[PDB]
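What follows is a short report on a single structure.
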Amino acid sequence: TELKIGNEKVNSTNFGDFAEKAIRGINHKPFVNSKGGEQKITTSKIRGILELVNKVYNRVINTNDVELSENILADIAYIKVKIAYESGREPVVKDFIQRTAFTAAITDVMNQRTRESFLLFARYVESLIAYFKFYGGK
Amino acid sequence: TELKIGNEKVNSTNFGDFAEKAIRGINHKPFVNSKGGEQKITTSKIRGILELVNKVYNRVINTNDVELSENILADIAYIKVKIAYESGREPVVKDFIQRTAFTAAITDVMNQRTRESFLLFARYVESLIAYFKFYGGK
Amino acid sequence: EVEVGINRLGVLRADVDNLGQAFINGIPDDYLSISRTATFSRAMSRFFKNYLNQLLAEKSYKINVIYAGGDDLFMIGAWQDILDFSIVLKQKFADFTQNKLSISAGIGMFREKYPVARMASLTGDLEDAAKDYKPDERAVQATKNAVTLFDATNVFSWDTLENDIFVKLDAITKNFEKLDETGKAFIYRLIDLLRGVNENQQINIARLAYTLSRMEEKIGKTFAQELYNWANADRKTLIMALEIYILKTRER
Amino acid sequence: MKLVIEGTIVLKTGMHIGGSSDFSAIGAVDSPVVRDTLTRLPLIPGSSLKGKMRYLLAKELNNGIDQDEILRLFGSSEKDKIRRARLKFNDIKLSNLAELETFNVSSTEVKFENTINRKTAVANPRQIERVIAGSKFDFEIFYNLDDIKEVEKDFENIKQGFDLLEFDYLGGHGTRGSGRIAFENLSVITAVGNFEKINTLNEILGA
Amino acid sequence: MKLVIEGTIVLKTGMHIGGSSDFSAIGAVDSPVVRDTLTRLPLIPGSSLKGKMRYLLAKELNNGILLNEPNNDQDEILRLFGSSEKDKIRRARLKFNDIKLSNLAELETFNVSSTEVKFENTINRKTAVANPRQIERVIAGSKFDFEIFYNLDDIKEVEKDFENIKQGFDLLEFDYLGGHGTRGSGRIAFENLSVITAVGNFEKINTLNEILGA
Amino acid sequence: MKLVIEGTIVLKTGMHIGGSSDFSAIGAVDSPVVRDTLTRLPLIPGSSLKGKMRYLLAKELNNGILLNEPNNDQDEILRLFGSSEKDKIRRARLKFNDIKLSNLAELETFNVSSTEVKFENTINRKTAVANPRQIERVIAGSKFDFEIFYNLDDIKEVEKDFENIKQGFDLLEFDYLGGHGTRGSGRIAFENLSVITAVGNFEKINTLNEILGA
Amino acid sequence: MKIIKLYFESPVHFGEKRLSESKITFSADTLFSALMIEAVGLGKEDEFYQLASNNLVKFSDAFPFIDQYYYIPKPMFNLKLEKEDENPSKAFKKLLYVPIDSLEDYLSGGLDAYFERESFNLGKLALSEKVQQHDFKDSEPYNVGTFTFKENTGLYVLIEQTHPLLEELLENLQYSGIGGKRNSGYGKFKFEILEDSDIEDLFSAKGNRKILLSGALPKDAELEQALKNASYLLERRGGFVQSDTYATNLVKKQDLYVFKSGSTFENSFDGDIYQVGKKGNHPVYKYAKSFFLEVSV
Ligand SMILES: Nc1ncnc2c1ncn2[C@@H]1O[C@H](COP(=O)(O)O[C@H]2[C@@H](O)[C@H](n3cnc4c(N)ncnc43)O[C@@H]2COP(=O)(O)OP(=O)(O)OP(=O)(O)O)[C@@H](O)[C@H]1O
Ligand SMILES: [Mg+2]
Ligand SMILES: [Mg+2]
């Protein structure tokens with residue numbers, strides 16, 4: 001629990017509702033590009049976020065330590081670096097990363113340094129992708 | 001696993017934050033030209049530096065060996081030589097190297113000689129490029 | 001004789017509520033006569049014995065009634081026959097008594113060699129758990145108008161509550177006969193994660209997110225979200241209706 | 001005159017004792033384990049441990065060659081040879097919940113199995129609820145000092161039965177991998193009276 | 001008397017021996033393996049090993065054909081693995097046990113994890129569109145120390161019982177050990193096989209130990 | 001009886017089989033090749049080899065057309081690769097294995113690693129701008145020694161099984177294995193195709209070799 | 001006076017006629033049988049019989065206690081003085097045990113009928129499916145009716161003038177269990193003699209109506225005196241003699257019919273220790289002495 005987001009707090013029970021709220025906020029009022037918008041992020045761009053998170057979820061799902069190891073923490077920091085990098089490449093990705101406060105959750109995971117915190121963060125991201133599905137498509 | 005960027009030791013978890021600090025410091029207070037001007041390092045030059053790091057990282061990563069062999073260390077010393085050449089050619093590149101500890105980081109890798117040290121160095125340089133793309137833009 | 005179902009023995013213990021009080025003060029004092037009391041007594045006895053016999057003989061019921069007599073009822077037969085005759089018994093009692101006397105039951109599942117004395121004792125204490133039912137702990141005395149369904153703690157009713165549980169059971173039976181026959185494995189997932197909700201809630205909202213995620217060409221998400229809609233307001237109702245549906249439709 | 005035999009049972013490969021038929025779904029746990037009636041914690045019934053230990057000893061002390069030892073240690077009522085008991089087994093409650101909760105893991109697991117038809121090559125997925133490995137079951141066995149001479153032989157047989165259980169299983173589908181156990185902390189201390197040779201009885205179990 | 005058969009199951013290729021669900025995400029591991037629930041170590045169920053070994057031995061004790069129920073296969077198979085036939089209940093001589101990963105430290109010597117995620121997919125042919133799938137597999141090079149208890153009901157069948165046991169271990173060499181074996185997975189090897197007496201000193205255990213170790 | 005089909009797969013061009021588990025940097029590699037997790041040695045999954053061989057052989061044997069579902073292929077393909085149809089289950093007579101590259105010492109003699117980096121790009125036909133990628137690829141000249149298990153069930157149609165095995169192998173030789181085959185990658189060759197008896201001896205095993213080597 | 005509190009660490013089988021069912025309390029003849037078996041164990045059965053037959057150790061049966069609420073079976077009052085109000089009907093029929101401090105309140109009326117039963121919750125009856133494994137024959141499935149108490153709950157025994165010998169016997173009875181399947185994993189308890197102060201006043205009280213607190217059979221002399229304005233209930237106390245040194249086989253004993261432990265009398269009688277095994281070679285005894293609780297309606 002205790003996953004800070006920037007304006008609110010998602011505990012272990014409250015990731016799916018926040019994810020659906022963020023997706024609705026994304027689905028409502030789509031992004032504005034140079035040409036007034038308006039296309040939305042692609043399924044194979046939230047893909048990259050999902051496999052990035054899973055590349056540590058697979059390594060943390062099967063363990064019993066309360067606090068994450070230095071190898072897992074390094075990979076979470078690297079996920080943060082990657083999500084910072086790819087946001088600069090495309091603006092339709094950066095609005096997804098901002099409106100859904102990925103960076104605050106990652107930083108809180110890196111501050112808690114606990115297994116349950118990262119499990120909650122991964123659950124939040126997975127619910128986010130799941131809710132992008134069934135609202136959009138393509 | 002404990003790099004020696006400047007006067008502050010860099011571990012395997014603070015590479016992203018310290019690279020972000022390095023990029024923001026350069027972005028906020030940039031290099032001043034000799035002829036009373038302001039300019040940064042281009043994306044092409046830092047991308048070439050990353051390519052240089054990618055040349056050796058692409059062969060180091062496909063290994064399980066604890067310590068880098070003599071060929072990898074020779075290539076790392078050559079990359080340090082090319083860093084010195086780039087610093088001597090364009091003063092903005094020298095400034096970019098000096099504001100970070102990219103020379104000091106490569107010297108620390110050369111002195112440690114372990115695979116994990118260069119892995120952390122590659123992580124740090126990748127994060128430098130990531131936060132250039134995020135902050136400097138394109 | 002069943003083809004799809006369960007190999008359990010279902011029993012029924014139906015006891016009319018407050019019949020002794022219906023004799024002590026139920027009949028009006030002004031309309032008090034030996035002939036009227038005898039009429040009521042004989043009507044109730046004839047109802048029980050004769051009409052239980054005739055109602056079972058009306059069509060093919062797999063029931064082997066042990067005792068009808070008066071004010072009491074014992075039955076042993078097919079589990080689904082017990083379940084679908086409980087409603088028949090309640091509606092017939094309401095029709096014959098003009099919705100004046102309450103009745104309580106209790107159903108238990110037993111093996112083919114379970115102790116019949118233990119069967120009767122367990123069904124009796126379930127019957128008592130149905131007798132001591134109160135929606136709120138403020139009024140004096142119990143409503144007594146309830147049925148326990150395989151557990152003493154599972155005290156359901158015969159009113160709009162049972163109406164809801166049976167509407168849910170019929171809807172689930174109609175809808176969930178024909179799935180993709182592969183995605184149905186989520187049913188036990190739901191059952192074992194809703195067995196009791198006073199603990200880690202993460203997996204429940206996770207299953208909600210998974211149900212939202214499931215996206216193909218199917219019935220759609222009308223009922224796939226009606227499951228969520230009925231998954232919060234009706235927790236015990238959903239688990240009870242779902243377990244009844246599972247036992248009815250189990251390939252056993 | 002009364003001895004209590006302490007000790008701990010450690011689950012090694014996961015154990016499935018008993019069947020309590022209730023609350024089954026389509027997936028379900030097709031066979032659950034025995035639990036406490038109130039706390040719902042899994043347990044080893046004293047009858048199960050007693051019966052399996054008696055089985056191992058009877059098949060050991062005889063080898064197809066019950067005897068006086070088994071009848072005097074577990075009792076008898078057959079037709080004329082009524083021997084009362086010396087061992088008084090107890091229900092063994094799950095001790096490891098403080099330890100098992102530190103791993104954020106339940107005390108029981110659902111083991112997924114199947115049988116594959118040999119004619120149609122068609123599988124059949126059964127689920128077996130199982131008490132996870134590493135669970136500890138501290139127990140107590142009360143022994144009555146009816147005779148002071150036979151104590152050494154009785155306790156040698158008790159230790160032998162424990163040892164036979166070590167190379168066997170305790171409950172459920174053992175030959176299919178389940179139910180391996182071990183014993184440690186095996187001590188006997190007199191509870192009522194005073195046995196001067198309690199040292200050699202502890203040395204019997206200590207060995 | 002009781003005998004203990006020790007050995008190591010070494011994975012030649014990755015093994016997907018599991019079917020247990022452990023709260024898996026949508027696209028993280030679409031098929032996890034069975035593990036020790038407390039230690040999270042990868043696990044070879046004794047039921048899985050017993051069933052595959054019994055199938056291979058019962059087919060190779062006919063030979064080549066096995067279409068009957070497990071209780072009608074063969075006297076050797078029934079006396080070794082167990083029969084529940086009503087007329088003649090047979091007690092199994094082999095007591096298999098769930099097998100856990102032994103050389104996790106040796107795996108960490110190479111800075112590798114215990115398992116892996118193998119990305120597969122399926123190509124439809126009327127539309128030529130793929131369909132991925134990620135299955136977890138224990139790493140090739142993983143070792144599983146096992147103990148299988150054997151009980152001597154009579155010492156006039158122990159030699160042939162260990163002949164059959166070694167034969168079943170050999171037949172597992174050229175088959176898989178449960179999972180997507182036909183598609184690469186599940187290949188195992190048997191090493192350091194030995195038999196020791198649990199209590200006592202069996203007279204002819206040297207023949208058993210020389211026939212298990214070949 | 002069971003037979004082991006040995007042989008070597010030699011890469012003619014670079015060969016890429018996808019599957020990614022960790023740490024794809026932002027200037028180094030965008031699509032790594034599948035590797036043996038412990039030894040880091042690149043491998044050919046048995047799933048991919050089996051799938052490509054089955055596709056090519058099923059297409060060749062049926063009519064030259066193949067649009068059906070795998071459990072409705074021809075009877076040779078069904079009996080050789082398996083079938084999961086409800087009432088008609090064919091047990092596979094082939095057990096493919098994961099195939100690690102064997103000539104790493106030969107590669108190290110030539111002072112090269114087993115994998116290269118291939119630089120590609122796509123050019124947008126509108127603006128003529130290039131989008132570069134970086135495909136890891138196992139270098140040509142790499143050799144992958146394999147072993148396929150053949151379960152000798154029917155003593156008479158083993159010859160037709162092996163003729164179809166050789167036909168599928170030859171179809172692979174005039175095609176690609178894994179990855180971006182139509183864009184240059186994936187070419188392979190087969191050599192030292194020899195079937196040997198897993199245990200015992202087979203009467204037509206000298207015949208099965210000469211219908212594999214020819 | 002001397003509440004003996006029994007705290008059970010395992011479910012108990014206190015069967016009434018068969019193994020498939022258990023009841024929640026054991027009677028005083030069961031406890032005397034257990035203590036006599038213990039005394040035979042340590043060789044002083046004669047002194048124990050002398051003590052119990054000389055009223056030096058007379059006890060009631062086992063009643064429930066919940067959180068220091070000592071319970072008693074619903075006394076068999078004639079209810080002649082309650083028809084004016086309350087519910088003289090099946091409301092006071094499911095009520096099985098009332099607290100012993102609130103008896104005069106219950107006797108005079110004003111105790112809630114519904115509230116007590118849910119307040120009275122001490123564990124629950126359990127099924128225990130067992131078998132006799134046979135190597136080649138079919139296994140024999142049987143079930144044992146058991147009962148597990150709550151955490152702060154058990155049984156309590158009323159004893160007047162506790163004895164050093166009785167204290168010695170109760171120490172031995174800890175480790176031999178009490179009830180049906182005690183040599184199996186069921187009978188197990190620890191006890192505390194636990195002198196009490198608010199309880200001895202109830203038994204130092206006076207009144208016309210006497211509440212029988214132990215299943216007792218009057219002597220032939222005072223049966224006529226005790227059976228006058230009495231509201232009692234009989235119960236058969238038989239079964240099998242539990243001893244390996246009796247009649248060289250498994251033989252039943254003479255069924256004894258005694259007044260239940262909730263009956264009420266106007267005349268105090270002192271019961272007897274009854275010889276129910278005579279054809280065997282040791283005296284099988286049925287403890288049926290009387291233990292009363294006088295009240296005033
Ligand atoms: N005419 C008449 N008959 C019987 N009792 C009568 C009558 N007038 C007054 N009374 C008074 O009522 C009570 C009855 O108590 P009880 O003696 O226990 O007798 C049984 C049973 O014999 C009797 N009964 C059953 N069936 C009939 C029929 N068909 N006709 C007449 N009487 C019948 O009623 C009693 C049943 O007891 P319970 O089932 O336990 O009652 P409940 O409704 O289930 O209560 P609850 O558990 O729901 O709360 C005496 O006081 C008598 O003087
Ligand atoms: Mg009634
Ligand atoms: Mg009645």
Side-chain angles (χ1 to χ4, degrees), chain C residues 11-55 65-75 86 89-90 92-107 120-135 137 139-148 152 155-159, chain G residues 74 76-96 112-118 120 231 233:
Chain C
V11 303
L12 192 67
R13 273 284 287 271
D15 187 357
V16 180
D17 305 328
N18 303 302
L19 177 57
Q21 198 72 2
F23 267 111
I24 284 168
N25 276 332
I27 286 187
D29 182 26
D30 269 337
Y31 303 137
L32 258 185
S33 191
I34 176 58
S35 68
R36 183 158 278 97
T37 307
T39 302
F40 184 91
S41 172
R42 286 153 211 181
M44 197 56 64
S45 71
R46 280 193 319 103
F47 168 62
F48 275 106
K49 303 168 168 74
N50 306 73
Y51 187 71
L52 180 69
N53 281 59
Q54 307 320 306
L55 187 53
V65 168
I66 305 282
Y67 168 68
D71 201 355
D72 312 292
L73 187 153
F74 201 92
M75 276 168 31
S86 73
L89 186 64
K90 70 178 290 295
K92 267 61 169 156
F93 194 95
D95 289 322
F96 184 76
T97 60
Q98 316 191 173
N99 299 97
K100 309 283 192 304
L101 298 169
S102 278
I103 198 165
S104 302
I107 307 166
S121 291
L122 291 179
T123 304
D125 78 6
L126 266 74
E127 201 182 11
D128 286 329
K131 300 293 286 186
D132 61 14
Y133 179 54
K134 281 198 288 187
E137 42 197 347
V140 73
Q141 300 291 107
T143 80
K144 282 164 170 274
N145 190 317
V147 62
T148 52
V155 186
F156 270 19
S157 192
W158 312 80
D159 48 54
Chain G
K74 199 162 76 85
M76 303 201 198
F77 298 131
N78 299 322
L79 61 83
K80 298 156 169 212
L81 301 169
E82 55 90 25
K83 310 130 175 177
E84 295 86 3
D85 209 317
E86 272 195 272
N87 204 355
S89 284
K90 304 152 288 290
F92 284 145
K93 276 301 195 318
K94 193 180 173 290
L95 160 63
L96 285 163
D112 212 7
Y114 191 94
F115 167 70
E116 195 282 332
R117 313 202 275 253
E118 292 82 3
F120 186 80
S231 181
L233 210 72

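Just follow the structure's listing: the first ligand is 1, and inside any ligand the first atom is 1. Throughout, a chain's letter reflects where its sequence line sits, starting with A, and its residues are numbered from 1. Side chains included, hydrogens not; waters and symmetry mates left out as well; all remaining heavy atoms used.
For atom 16 (P) of ligand 1, the protein comes within 4.0 Å by no heavy atom at all. Distance check for atom 5 (N) of ligand 1: every protein heavy atom is found at 4.0 Å or beyond. Atom 53 (O) of ligand 1 is not flagged as protein-proximal [any protein heavy atom, distance under 4.0 Å]. For atom 23 (C) of ligand 1, the protein comes within 4.0 Å by no heavy atom at all. Protein heavy atoms are found inside the 4.0 Å sphere centred on atom 1 (N) of ligand 1. Less than 4.0 angstrom separates atom 43 (O) of ligand 1 from at least one non-hydrogen atom of the protein. Shown here, atom 20 (C) of ligand 1 is out of close reach of the protein: none of its heavy atoms lies under 4.0 Å off. Note that atom 31 (C) of ligand 1 has protein non-hydrogen atoms nearby, at separations under 4.0 angstrom.
Not a single donor-acceptor pair under 3.5 Å links the side chain of C:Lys134 to the backbone N or O of C:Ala142. In this structure a side-chain-to-backbone donor-acceptor pair under 3.5 Å is missing from C:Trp158 to C:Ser102.
Residues C:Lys144 and C:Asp15 fail the side-chain proximity criterion, which asks for heavy atoms closer than 4.5 Å. Taking 4.5 Å as the limit, every side-chain heavy atom of C:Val140 sits out of range of all side-chain heavy atoms of G:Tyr114. Side-chain contact between C:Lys131 and C:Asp17 is present, with heavy atoms from C-beta onward closer than 4.5 Å. C:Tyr133 is not listed as a side-chain neighbour of C:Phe156, based on a closest heavy-atom distance of 4.5 Å or more.
By the criterion of a heavy-atom distance under 4.0 Å, the side chain of C:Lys131, and not its backbone, is placed next to ligand 1. Contacts of C:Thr37 with ligand 1, taken as heavy-atom pairs under 4.0 Å, involve the side chain alone.
Contact annotation: C:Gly20 places no N, O or S atom under 2.8 Å from the Mg ion (ligand 2). When distances to the Mg ion (ligand 2) are checked against a cut-off of 2.8 Å, C:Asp72 contributes no N, O or S atom below that limit.
In the model, C:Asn145 has no side-chain atom that pairs as donor or acceptor with a side-chain atom of C:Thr143 under 3.5 Å.
Counting atoms of ligand 1 from 1 in the listed order, those under 4.0 Å from a heavy atom of C:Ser41 are 29 (N), 30 (N), 31 (C). Listed by atom number, the atoms of ligand 1 under 4.0 Å from C:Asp15 heavy atoms are 39 (O), 44 (O). Residue contact check: C:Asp17 has heavy atoms under 4.0 Å from atoms 43 (O), 48 (O) of ligand 1. Atoms of ligand 1 found under 4.0 Å from any heavy atom of C:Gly20 (numbered from 1 in listed order, with element): 12 (O), 43 (O). In summary, the atoms of ligand 1 found under 4.0 Å from a heavy atom of C:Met44, numbered by their order in the structure, are 29 (N).
C:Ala129 approaches C:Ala152 most closely through the heavy-atom pair CB-O, 3.3 Å. C:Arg13 and C:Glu127 make their closest contact through O-OE2, 2.8 Å (heavy atoms, listed as atom of the first residue, atom of the second, distance). The two atoms that bring C:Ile24 and G:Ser89 nearest to each other are CD1-OG, 3.9 Å, heavy atoms only.
Within C:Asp71, the N/O/S atom positioned nearest the Mg ion (ligand 2) carries the name OD1. Within C:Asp15, the N/O/S atom positioned nearest the Mg ion (ligand 2) carries the name OD1.
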(request) Report the C-alpha distance between C:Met75 and C:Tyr67 in whole Å, list the side-chain angles of each, state the deciding distance to 0.1 Å, and finish with yes or no for side chain to side chain contact (heavy atoms under 4.5 Å, CB included). (result) CA-CA 7 Å; C:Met75 276 168 31; C:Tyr67 168 68; over 6 Å; no
(request) Please test C:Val155 against C:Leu126 for side chain to side chain contact (heavy atoms under 4.5 Å, CB included), starting from the C-alpha separation and ending with a verdict. (result) CA-CA 9 Å; C:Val155 186; C:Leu126 266 74; over 6 Å; no
(request) Any chance you could lay out the side chain to side chain contact (heavy atoms under 4.5 Å, CB included) test for C:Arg46 and C:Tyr51, step after step, and finish with the verdict? (result) CA-CA 7 Å; C:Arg46 280 193 319 103; C:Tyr51 187 71; over 6 Å; no
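Nearest non-hydrogen protein atom to atom 34 (O) of ligand 1 is C:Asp71 OD2, 4.1 Å. Protein heavy atom nearest atom 10 (N) of ligand 1, with residue, atom name and distance: C:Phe23 CB, 3.9 Å. Looking only at protein heavy atoms, the nearest one to atom 27 (C) of ligand 1 is C:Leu19 CD2, 4.0 Å.
On a distance-only criterion, C:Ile24 and ligand 1 share no N/O pair closer than 3.5 Å.
Using bins of under 30°, 30° to 60° and over 60° for the plane-to-plane angle, the ring pair C:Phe93/C:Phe47 lands in the perpendicular bin.
Among C:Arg42, C:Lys144, G:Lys90, the residue whose heavy atom sits closest to atom 49 (O) of ligand 1 is C:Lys144.
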